[PDB]
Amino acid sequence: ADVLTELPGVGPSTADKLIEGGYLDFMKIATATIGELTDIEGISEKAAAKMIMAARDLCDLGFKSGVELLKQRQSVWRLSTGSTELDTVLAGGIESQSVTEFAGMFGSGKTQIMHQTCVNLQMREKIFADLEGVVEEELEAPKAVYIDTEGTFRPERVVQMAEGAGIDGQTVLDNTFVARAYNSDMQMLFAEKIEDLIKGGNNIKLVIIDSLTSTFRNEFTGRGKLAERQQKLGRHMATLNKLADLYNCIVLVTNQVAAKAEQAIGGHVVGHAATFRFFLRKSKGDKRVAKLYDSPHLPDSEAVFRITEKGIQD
C-alpha cells in the first residue's frame, strides 16, 4: 500500500532504498526473503528480517478460519469470455489471482479468446467483482498486457471485436500493452517487467502470454535437455502465479498441443502451475468447444461457443 513509511521500523531513509529495489507495496515486502532484501545498498539482515515480519503483520498474513475464509475468496473478480456457456463453466468467468490456460490445435480459437478479453476488460459490465472484497477504484482504468510470442497480435481484430461489442476500438488499444518476445528470455523478462508498468501508475489487470510454450519447445529441442526446459519454464510459471496474487490480476496463457489424442505441451511444470486448464477443439463451421479438464473446485465440463465477425459469442 504505497506508503512504506507506515511500516514499523521503516523511516524515510530506509523507505528510499526500498522503492528502488522495486519494492513499493506492503505485500511485496511481506513475501520477500532476507536475501533479496539485503541485496539493497545499506539494508542489514535484522532490518530486512524485522520489516518483513512487520509487513506480514501489517498485511495481516496469519491463520484464518470460518467466515474469514470466505472473505478472502471475495477478492477474486472474474472477466467474461464473451460466451455465456464458457462463463458458466468457469462459474462466472476468468478468475483473478490464477493462471488459466487454453490449449488446443491450430485455429481452435486460443488467440481469438486472448483478443476478446482485451476488449472485455474495457467494459465494466464484463467484470464481475464482489463489492465486499474489491473496491471500485481498484478496477478503475484497467489495462492489459499482451506478451505476443509468435507475432499473432492483431490491432485490427481487437478493433473489430470492440465495434462488435459497441466500444471504441481505439480506447481498447490505448489501454493495451503489447510486447513482442522473440525468445524465452524476452518472454520471461517482459513478464518480470510488468511490475515497472504498475509502478508507472498503470493498473494492470489482465496479463496474456500467447503462446506460453512455443519459444521453450523450440529452444530446447533435444530431449536430453528436457530438465533444462522444465526448469526455466518452472521459474516463469512461478513468476506468473506470483504477480497474479500480488496485483489481483488475471493471467491468461495459450498452449499448443502434441500427439503422444493430443495434450498441451509444457510437461508437469505447466500442469501443476496452471490453475484452470482448457482444451479447445473445432466443431462445425464457426463452432468451437471449450473443455475444462482441470481445476481445484469445478468438475470437468464443455462449453460450445462461436467465433464470428463480432468475436467470441453464444
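The first residue of the sequence shown is number 1, and the count goes up from there.
S.K.: I'd like to know the size of any gap between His268 and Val269, counted in deposited residues with no coordinates: none, 1 to 3, 4 to 9, or 10 or more.
M.R.: In the deposited sequence, nothing is left without coordinates between these two.
S.K.: If you average the Cα B factors in the entry, which is higher, 274-282 or 44-52?
M.R.: Averaged over C-alpha atoms, the B-factors run higher in 44-52.
S.K.: If you average the CA temperature factors over each stretch, which comes out higher, 162-170 or 93-101?
M.R.: According to the PDB entry, the answer is 162-170.
S.K.: Which of these has the highest Cα B-factor in the record: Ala261, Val289, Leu246, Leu252?
M.R.: That would be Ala261.
S.K.: Highest Cα B-factor in the deposition, which of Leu226, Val145, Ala181, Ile127?
M.R.: Going by the entry's C-alpha B-factors, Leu226 comes out highest.
S.K.: Mind checking which third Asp300 falls in for C-alpha B-factor across the chain?
M.R.: According to the entry, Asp300 has a C-alpha B-factor in the chain's middle third.
S.K.: State the tercile, meaning the lowest, middle or highest third, of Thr221 with respect to the CA B-factors recorded for its chain.
M.R.: Its C-alpha B-factor, which the entry lists for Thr221, ranks in the highest third among residues of this chain.
S.K.: How does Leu131 rank on Cα B-factor within its chain, lowest, middle or highest third?
M.R.: Its C-alpha B-factor belongs to the highest third of this chain's values.
S.K.: How does the C-alpha B factor of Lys199 compare with the rest of the chain: lowest, middle or highest third?
M.R.: Tercile = highest for this residue's CA B-factor.
S.K.: Grab the CA temperature factor for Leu139 from the record and place it in the lowest, middle or highest third of its chain.
M.R.: CA B-factor rank for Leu139: highest third.
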